[PDB]
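*Asks:* show me how the following folds:
(chains A and B)
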Amino acid sequence: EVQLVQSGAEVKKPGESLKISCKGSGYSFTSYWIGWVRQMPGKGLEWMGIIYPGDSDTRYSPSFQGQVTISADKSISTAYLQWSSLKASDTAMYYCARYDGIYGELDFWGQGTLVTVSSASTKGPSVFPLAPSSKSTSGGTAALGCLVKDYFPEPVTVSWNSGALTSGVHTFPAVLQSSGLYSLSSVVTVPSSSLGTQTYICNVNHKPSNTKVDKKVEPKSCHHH
Amino acid sequence: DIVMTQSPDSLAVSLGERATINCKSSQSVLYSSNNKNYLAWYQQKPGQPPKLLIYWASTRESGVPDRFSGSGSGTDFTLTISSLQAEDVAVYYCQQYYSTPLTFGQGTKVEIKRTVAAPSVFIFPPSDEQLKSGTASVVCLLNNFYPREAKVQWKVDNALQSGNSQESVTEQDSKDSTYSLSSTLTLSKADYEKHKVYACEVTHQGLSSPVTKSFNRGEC
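*Replies:* Numbering: from 1, shown residues only, chains lettered A, B, ... in the order given. Take a look at the structure below.
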C-alpha cells in the first residue's frame, strides 16, 4: 500500500537549521506530486508547497516562498522540508502528503512531524503515583494513575503495564503551568478486587530528554482490615 | 485567493442520525468546460493526520464507508454523514484545488449527542514522594460523563479556592461518546500542611445536587 513515513519529532533552539523528511513507499515516487502542510497548534491546515520528484519541479505557496526549501531525493524515495534559521513561530505539526496533482486533493498523508522551537530548557518529567483510595467503592471500580509533572517540551507518552493494559485508560491533554513546564495525569479504572492481585505500572517516556520512567502504583495499607 | 468557509463550526447529533456540514467558497470552483468541482473533504481525528473522504465534490474515496457523501456545485458544498457513528467524531475540513495556492476551510467539529451520564468522581491526595520534593498536587477526576458541561470547585477547610487549579478534558470517547476531566489543585508542601480537609465539589446535570469527594490530610 501507499505509505508516507515522516522523521521523528524535533526540538531546536531559534536560529538552528532543520531538515525533516518523508519517505514514500508502495508507489512510483517519481510519478506523483508530494508536498507539505503546516498545522499550527490548535489551528487548521495550511498548504506549504509541492515537488514532482521526477524532475524536482517545486512550487510554493506565496505565504511560504522564501521561508522554506522543499526538495526530494528520488534515489531513496524521500521528500524534505528545511529551514536555514528556525524561529519560535515555526513551532507546529508538519504533514507530508501525496497529491493528485498541482490542482489536486491529498490522497495519502504521513503521520506528522512535530517541530518545537524554543529557547527554553528541555526538562524530563517527575512521575508520581495516584494511588487507589482505601475507601469502599460503589460498583467494584477503583481508579488509579500517574501524575507526570514538570517537563518541557511536549509530548510525553504514557502506557500501562507495557501496553498490556489499554481498557479504561485516559491520558489527559497536558496543561502548561505558569512555570512554563507541562503537567498531565494518566488514569485508569480497574476492578476493585485486582488491587491485591494485579500490579499496575505506568510507563512514561519523554523522548526530548530521553527520559523513561516506570512507576508502580500500589494501594496504601493503613488498617489491619 | 479563494477563501473556504465552513458552517457550522461545531455540530452535535445523535448516533444513527443525519449530520450535514456546509462549505462555501469565495469564488466558483466549478471548471465549467470539464464540469468538475475542484473540491475535497477530509476527516481529522485528534492526534492523527487528515484522511481523504471525498474528491471532485461528490466522489467517495476508496475504503471510505457508504455513510459519507458529498454534494453541491459552484460555491455551495455539503458533506453528509447519513447515519452518524460513535467513531465519526472528528474535525472535518473542506479543501479547494481549483486555484493555487490550495486553501482549506477552518474545519467543523462533529460530536455525538448521547444520553446524559453523571461523572464518577475520585479525589487523590498528593503522594509521599511528591511531598518530599516540596510540592503537593491534589487531583480530582471526573470520569466518563456526558454532556461536556461540568463545574469543579476546590474547597480547603471549607474555603472556596480560586486561581490555584488547572483542568484538562479528554476528547469525546470514540466508543462510548463520554468525556473525562481532571482538575489539579497545586500548592506548596507548607500551604498544603496548613489545612486539614481537602474537597472537590462537582456540578453536573447528571447529578441531582453537587457531589463532594473529600479527604483529611494524611489519611489512608
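
*Asks:* quick one: residues contacting residue A:82.
*Replies:* A:17-20, A:68-71 (CB atoms under 8 Å, 6 or more residues apart in numbering or on different chains). The way it works is simple: take the backbone N, C-alpha and C, and place the C-beta from them, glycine included.

*Asks:* actually residue B:25, not the one I wrote
*Replies:* B:2-5, B:39, B:75, B:77, B:96, B:98.

*Asks:* ok, of the residues you listed, which one's closest to chain A?
*Replies:* Closest approach to chain A among these (CB to the nearest CB): residue B:98, at 7.0 Å.

*Asks:* I'd say that closest one and residue B:34 touch.
*Replies:* No: the pair residue B:98 / residue B:34 is not scored as a contact, 11.3 Å apart, by CB atoms under 8 Å.

*Asks:* with neighbour numbers in mind, choose between those two.
*Replies:* Using other CB atoms under 10 Å in any protein chain shown as the criterion, residue B:98 and residue B:34 rank with residue B:98 on top: 18 against 7.

*Asks:* name the element that one belongs to?
*Replies:* Under the criterion DSSP states H and E, no helix or strand holds residue B:98.

*Asks:* that one: what's it in contact with?
*Replies:* Here residue B:98 is in contact with A:103, B:2, B:25, B:28-31, B:37-39 (CB under 8 Å, 6+ apart).

*Asks:* sort out for me which of those are in strands.
*Replies:* Taking DSSP state E as the definition of strands, the contacts of residue B:98 contribute B:25, B:30-31, B:37, B:39.

*Asks:* if we can go back for a sec, highest neighbour count among the contacts of residue B:98?
*Replies:* Neighbour counts for the contacts of residue B:98 (other CB under 10 Å) peak at residue B:39, which has 27 neighbours.

*Asks:* the residue nearest the centre of chain B and residue B:1, how far apart?
*Replies:* Nearest to the mean C-alpha position of chain B, counting by CA atoms, centre = their mean, stands residue B:171 at 4.2 Å. Distance of residue B:171 to residue B:1, computed by CB to CB, to the nearest Å: 32 Å.

*Asks:* go through stretch B:51-63 and flag the buried ones.
*Replies:* Residues of stretch B:51-63 classed as buried: B:51-55, B:57-58, B:60-61 (neighbour count, 16 or more other CB atoms under 10 Å in any protein chain shown).

*Asks:* stretch A:2-10 too?
*Replies:* The neighbour-count check on stretch A:2-10 (16+ other CB under 10 Å) flags A:4, A:6-7, A:9-10 as buried.

*Asks:* columns secondary structure on top of those residues, output as a markdown table?
*Replies:* Output for the buried residues of stretch A:2-10, formatted as a markdown table (DSSP: H, G, I helix; E, B strand; the rest coil):
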| residue | secondary structure |
| --- | --- |
| A:4 | strand |
| A:6 | strand |
| A:7 | coil |
| A:9 | coil |
| A:10 | strand |
